[PDB]
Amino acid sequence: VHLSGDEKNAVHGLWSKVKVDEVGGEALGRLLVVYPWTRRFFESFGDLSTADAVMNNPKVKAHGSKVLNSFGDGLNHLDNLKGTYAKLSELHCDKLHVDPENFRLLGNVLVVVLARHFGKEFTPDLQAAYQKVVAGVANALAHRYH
């Protein structure tokens, strides 16, 4: 991804304000609520049939958290997303067979959750830097499909 110095400072600065145990679980929960077909990959999580079920689901919360830490990993390695997500690429592509479009959709859900959490601090300029990050994470996880 191509992020300027200002864009790097602004993304890292917003991310240290991110509530680690909250934002990931809200973003996964929201993806599962809004795009009902994504629920097929999370059979073990039990009840995902209502928003109240999804949003009060401890497995959704725990898995969300790990997903948010994986985004953070990418922020630490913006020059080498390919190498960072190489193993997860094989997991999502070769084992689970998640269609790569869903990586973009979840990336955009994270952008929505951040807006929700940060208000006017999540400016048009800052969102535009997270759009670069989120596109890069998606494309790097999709590398196993080319």
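Start at 1 and count along the sequence shown; that's the residue number.
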Higher avg CA temperature factor (82-90 vs 30-38, as deposited) belongs to 82-90
Taking the C-alpha B-factors as the PDB entry records them, is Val54 in the lowest, middle or highest third of its chain? middle
Chain-relative C-alpha B factor for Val20 (record values, thirds): the highest
Ranking every modelled residue in this chain by its Cα temperature factor as given in the entry, which third contains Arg104? lowest
Third of chain Cα B-factors occupied by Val111: lowest
